[PDB]
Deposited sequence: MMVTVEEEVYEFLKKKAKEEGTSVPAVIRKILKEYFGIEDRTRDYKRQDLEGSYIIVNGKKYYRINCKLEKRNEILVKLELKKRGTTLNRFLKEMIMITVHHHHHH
């Protein structure tokens, strides 16, 4: 499971529609491309905190890739949300 800000979710939802796929498919594609990994794995609810929505996404990867991704985000010193946010901003 991932948690993202609304701006990030909007962005992911648009790519999910633009391409004929779900929001988790888009997250999996970004993770495969930016972490350079193979994954065999193959709508959106939220919570409100100080008036802001935060979407909880059921991203499921192979257990081994879940660990690599967590580790790489840690080594890199970034949350997944901030990583996706910076990638957006580079457009």
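**Q** Compare the deposited sequence with the modelled residues and state the ranges that are missing C-alpha positions.
**A** Holes in the chain trace, numbered from 1: 1, 44-50, 100-106.
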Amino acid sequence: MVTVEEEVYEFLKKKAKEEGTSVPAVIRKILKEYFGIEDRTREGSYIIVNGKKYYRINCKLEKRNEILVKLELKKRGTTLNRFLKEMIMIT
From here on, numbers count along this sequence of modelled residues.
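**Q** As stated in the PDB record, which stretch has the larger average Cα B-factor, 69-77 or 10-18?
**A** Mean CA B-factor is higher for 10-18.
**Q** Higher average CA B factor in the deposited record is what I'm after, so tell me if that's 29-37 or 60-68.
**A** Taking the mean B-factor of the alpha carbons in each, 60-68 is higher.
**Q** Considering every modelled residue of the chain and its Cα B-factor in the PDB entry, is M89 in the lowest, middle or highest third?
**A** Its C-alpha B-factor, which the entry lists for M89, ranks in the highest third among residues of this chain.
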